[PDB]
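Asker: 3D model of this:
(chains A, B, C and D)
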Amino acid sequence: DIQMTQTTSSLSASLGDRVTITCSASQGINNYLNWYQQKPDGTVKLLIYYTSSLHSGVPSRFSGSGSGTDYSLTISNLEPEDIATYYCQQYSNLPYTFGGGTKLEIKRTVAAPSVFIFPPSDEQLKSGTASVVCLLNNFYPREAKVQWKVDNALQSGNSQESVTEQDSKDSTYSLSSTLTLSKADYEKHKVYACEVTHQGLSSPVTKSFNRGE
Amino acid sequence: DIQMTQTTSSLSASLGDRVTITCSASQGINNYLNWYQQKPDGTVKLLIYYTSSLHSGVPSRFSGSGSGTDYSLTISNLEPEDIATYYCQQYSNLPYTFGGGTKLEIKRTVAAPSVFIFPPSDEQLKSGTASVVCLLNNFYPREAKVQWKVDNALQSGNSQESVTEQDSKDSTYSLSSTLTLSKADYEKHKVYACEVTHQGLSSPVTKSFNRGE
Amino acid sequence: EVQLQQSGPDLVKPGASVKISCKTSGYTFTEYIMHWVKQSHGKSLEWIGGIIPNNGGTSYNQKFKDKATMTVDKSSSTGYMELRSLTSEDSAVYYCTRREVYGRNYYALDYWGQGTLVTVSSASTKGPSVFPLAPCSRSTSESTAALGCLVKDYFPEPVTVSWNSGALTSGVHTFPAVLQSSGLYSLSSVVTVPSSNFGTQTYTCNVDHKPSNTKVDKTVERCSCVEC
Amino acid sequence: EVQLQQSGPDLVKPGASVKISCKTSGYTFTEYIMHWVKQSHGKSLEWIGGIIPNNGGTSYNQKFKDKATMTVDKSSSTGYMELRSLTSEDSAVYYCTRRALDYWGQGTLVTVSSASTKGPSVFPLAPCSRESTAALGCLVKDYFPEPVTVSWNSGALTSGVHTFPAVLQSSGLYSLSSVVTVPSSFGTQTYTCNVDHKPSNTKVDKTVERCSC
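Answerer: Residues are numbered from 1 along each chain as shown, chains lettered A, B, ... in the order given. Sure, structure below:
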């Protein structure tokens, strides 16, 4: 099979910048190359066919060039809705093969997260488990540190994070962190706190509640 | 048919007092008379048969006497669990007929109600109706006045009350009052208050909330 | 122990018939006469009639001669009563009872069933909505906290309410239903506790409306935390 | 408009088979070849094979020759692909496409697992205390398999909504949170999350009540 490589897997650029995505083949494919866009939604659309030809509805800021083993997709001025993964595909020989893809995200100004903490419901708690949720809303960049404290004791190995895809409009991320405890363990302790470190914060923000008492 | 009358329909007495419940027949029934106890829950038990004989499990503080047209059931020292309705029944002639019954309640010391107000849930409110509940907990005597105010305007004809039977332990009553409004009407006004008058209160107690906050 | 287990509550339409059953145990069915009694809401007891299970002989109050029919099934130790040509005036609790004989001819109703509620109405069954009554601590100097469930817009009676699957009974007040102008019933069930907060205890009301086959568990959130 | 409508998500057991359908419209079915593509979670696209609808001729990627069988129904303009001898490695999204691959279906998620379906529990996320925005949500916990959909107020509330990607817990069940941020002053607004888990036929509406004391 013909190996298709996209040497850059991850890429970020500012709004209005010119972006170029690389695609290389293990042998000459004689311009038989297409480009696809996949949104975070999972929906796929054709951008370019036969190296340089535009598909219906594709704006002219998208263009493609290359020959032999090496090809390029260019986005002349980056709009927010260009957030996607871009895939090349050869049809020189069967089987058709795709590149590993290049994920494109936007550089914006730094934005501090709004932080919220949520105690477990009694409805959950009566069944023997407690989920405590810390929410970081609409921040940039993605890098963020969440630390759980229970009576000021740092927790480890009992939380999981989930992060949204970059928003198509404001180009921010949101993050949830869930601390899971037994009912018994939950009812030993009093103060529940998530501490957030992020670039947009001058110093770490703590949100906390006390479990009654 | 033989008419059986219990001239006293309602009776209250202190713990330890001696209580006598009367039963009269429209003609002589020649001692063919039984007594039944019905608890507030609706369960019925035989107390006395043939004027004076005790049924299984009936404590000896219960006794019965009479002849001809007139009969008596006596409780020698009143316990709290004697709260019930008592019925006589003749079997001199068919059909068997019962007296109208005598309800027995306890005299205790005056006790002020604890008052609580509850706003409508959002779960109810989204369906277009608002129920506001005022609770009067564990008071004596039964007589009590609840007035609803909405922005200090006395409400009329849009509430319903319910009162518990006398508690078998502490001999108190409780009362709920429900004010019902459309979602729209509810959302016109701000301050919701139930005002409670009762003998154990030195002056009327008002509980209130403001909608929104 | 002697026991008379009556069939569950029944909604039936005017003009129709209904059959109530009374399943006995603890004694020999064919050795004791069985009597039936009516009690309208807020009213006294009325004798309907009696049946001799061994042969099936009956005597009726004349007031119920065009109303009630009593039968037995000896194989299942069960007494039945059928009420015909139903009207709203037949809406009542009906009791089966055992008759005991003492001397020559001293008779009494020594054991009673728990009663069967018959509602005669053209209206349809409707299951309840269950809403929380959420505890707000109004003052710091509160000796008792209160929460509950509102059980609204059901038909017919009855509903049963328990708390924490029956494990919580202390402090519980389940009020009598009231008929709203809509022709549907509503009641509240409340719990009060000595204000030591609520402890590690949660509060779930269990609502059962047999006529509609509705069972609802509703946890009432305590909201016993604060950020500050 | 050209359109390719694929069948819904499917949980199937290892060793078994599954059949995915692709219902076309907007063009002449018999005039275009149909190709299928695989994408494993977090991975690139793989060409499975193509089928010529008019005759039924097929060509397969050698890697899928003992895995995939492609068929068509000309009467209903529908293409089918059957995957046999299933393993956990066959868990992926599968796309039908029209032949460049100018139009793509929305994808079908196949989960291969011997584990049973389990519907979610839905708990409220409500803050403890009573900024320009407040936050609430629903925790959708302990379901299998993917996916769940979450809406708010039957789809009428979309502004400020973040439904996080599910994470697989150590229990082997999925969990996610859906949160809303809304104007801090909310007084007239109720907030109900609508959770649908089609695999288990579960539909749950949960109104989120405020802790306003």
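Asker: any idea how the chain splits into domains?
Answerer: You didn't pick a chain, so chain A it is. As assigned by automatic domain parsing, chain A contains the domains A:4-107, A:114-210.
Asker: should've been chain C
Answerer: Chain C breaks down by automatic domain parsing into domains covering C:3-120, C:129-219.
Asker: Tell me, how many residues neighbour the nearest residue to residue A:145 once chain neighbours are set aside?
Answerer: Nearest residue to residue A:145, sequence neighbours excluded (C-beta to C-beta, 6 or more residues apart in numbering or on different chains): residue A:197, at 4.0 Å. C-beta: built from backbone N, CA, C; applies to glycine. Residues near residue A:197, counting by other C-beta atoms under 10 Å in any protein chain shown, number 13.
Asker: What strands flank whichever strand or helix holds residue C:130, and is each parallel or antiparallel?
Answerer: Per DSSP states H and E, residue C:130 falls inside strand C:129-133. Applying DSSP bridges, strand C:129-133 is found paired with strand C:144-154 (antiparallel).
Asker: Quick one: name whatever helix or strand follows the partner strand.
Answerer: Next in sequence after strand C:144-154, counting helices and strands by DSSP H and E, comes strand C:160-163.
Asker: who touches that next one?
Answerer: Contacts of strand C:160-163 with the rest of the structure, by C-beta atoms under 8 Å, 6 or more residues apart in numbering or on different chains, involve C:149, C:151, C:168-169, C:172, C:174, C:187, C:189, C:191, C:203-208.
Asker: do the same with stretch C:221-228
Answerer: Applying C-beta under 8 Å, 6+ apart, the contact partners of stretch C:221-228 are A:117, A:119, A:121-123, A:207-212, C:132, C:134-135, C:147, C:197-198, C:202-203, D:124, D:126-129, D:209, D:211, D:213.
Asker: Mark which of the residues you listed are buried, thanks.
Answerer: Neighbour-count burial (16 or more other C-beta atoms under 10 Å in any protein chain shown) applied to these gives A:117, A:119, A:121-123, A:207, A:209-212, C:132, C:134-135, C:147, C:198, C:202-203, D:124, D:126-128, D:209, D:211.
Asker: spatially speaking, which residue is in the middle of chain C?
Answerer: With distances taken as C-alpha atoms, centre = their mean, residue C:158 lies nearest the centre of chain C, 5.6 Å away.
Asker: Correct me if wrong: that residue contacts residue C:9.
Answerer: Yes - contact criterion C-beta atoms under 8 Å: residue C:158 and residue C:9 qualify, at 6.1 Å.
Asker: What separation is there between the closest residue to residue A:15 other than its chain neighbours and chain D?
Answerer: Excluding the flanking residues, the one nearest residue A:15 by C-beta to C-beta, 6+ apart is residue A:78, at 5.7 Å. As for residue A:78, its distance to chain D is 23 Å (criterion: C-beta to the nearest C-beta, to the nearest Å).
Asker: Sheet-wise, list the partners of the helix or strand containing residue C:111 with their directions.
Answerer: Assessed by DSSP H and E, residue C:111 sits inside strand C:107-112. Strand C:107-112 sits in its sheet next to strand C:92-101 (antiparallel), going by DSSP bridges.
Asker: what's in contact with the strand it pairs with?
Answerer: For strand C:92-101, the surrounding residues in contact (C-beta under 8 Å, 6+ apart) are B:42, B:44, B:49, C:2, C:4, C:6, C:20, C:22, C:24, C:27, C:32-41, C:45, C:48, C:50, C:79, C:81, C:83, C:107-113, C:115-118.
Asker: Now, the residues you listed that are in helices?
Answerer: Judged by DSSP state H, helices contain none of the contacts of strand C:92-101.
Asker: On the three-state scheme, the residue of chain C found nearest chain D is what?
Answerer: The nearest approach of chain C to chain D comes at residue C:223, 3.4 Å away (C-beta to the nearest C-beta). In three-state terms, and counting by DSSP: H, G, I helix; E, B strand; the rest coil, residue C:223 is coil.
Asker: how far away is it from residue A:186?
Answerer: Computed as C-beta to C-beta, to the nearest Å, the residue C:223 to residue A:186 distance reads 16 Å.
Asker: joint contacts of residue C:158 and residue C:9?
Answerer: Common neighbours of residue C:158 and residue C:9, using C-beta under 8 Å, 6+ apart, are C:117, C:210.
Asker: what phi and what psi does the backbone show at the residue most central in space within chain A?
Answerer: For chain A, the residue nearest the mean C-alpha position is residue A:165 (4.2 Å; C-alpha atoms, centre = their mean). As for residue A:165, its main-chain torsions (degrees, to the nearest 10) stand at phi -70, psi 160.
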